[PDB]
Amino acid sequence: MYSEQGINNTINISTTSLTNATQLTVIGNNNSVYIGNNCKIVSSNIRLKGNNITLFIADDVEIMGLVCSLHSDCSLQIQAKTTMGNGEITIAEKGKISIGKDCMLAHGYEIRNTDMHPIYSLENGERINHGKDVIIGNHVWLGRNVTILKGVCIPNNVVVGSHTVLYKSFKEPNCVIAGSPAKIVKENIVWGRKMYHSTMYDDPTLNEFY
């Protein structure tokens, strides 16, 4: 699975977490990987190339089929209880992506803080697509094949509809966002994981949202 080449790399994967069929590659220096405890990080391909990169996955995170590329001085922070299917996260330009607590990311997600190539204005010659941090709030549910691009911030307890592309940030919590261009399509809601909970009151994990 794991493969390192470089100096002063710190890799602590809790011994209670599972990493079956996962590939971890670290090329470079002064990097840190932190996983566990009670994590299931399976069939993924995670790549850190450079210096001073931080990968932080908190307790109780379940990821399956993530392809992840991090360049120098980048950091990926995924908070506890977050679940993630197949997808891709790319970070470059010494930026950050953070994913809050108790998120649910369905298969097909694509998350990035960068276009990986420059676009310049012919008017003044300046670059106009610098990378920008992605912040994904607590208790966010991304439907299938959602794409989250650079600089986008998602509030807490928000649902993003299947196949939506987000180019811009939103400020309102407790809403559903869908369509193209992306927009608030429903307000004043809260989502849960279990359909067998008839009401939000039957879900202990939701107490805080109401």
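Note that residue numbering begins at 1 and tracks the sequence as displayed. For the two forms, the rigid core is made up of the largest set of C-alpha atoms that agree within 1.5 Å on superposition.
Here 74-82 and 117-125 are scored by the root mean square distance of their C-alpha atoms in 4 other deposited structures of this protein, with each structure fitted by the rigid core; the higher score goes to 117-125.
For the pair 199-207 and 1-9, the mean B factor over Cα atoms is greater in 1-9. For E62, the recorded CA temperature factor ranks within the middle third of the chain's modelled residues. In this PDB entry, the Cα temperature factor of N145 sits in the bottom third of its chain's modelled residues, the lowest group. Split the chain's modelled residues into thirds by C-alpha temperature factor. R47 is in the middle one. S180 sits in the highest third of its chain by CA B factor, as recorded in the PDB entry. In the deposited entry, the Cα temperature factor of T54 sits in the bottom third of values across the chain's modelled residues.
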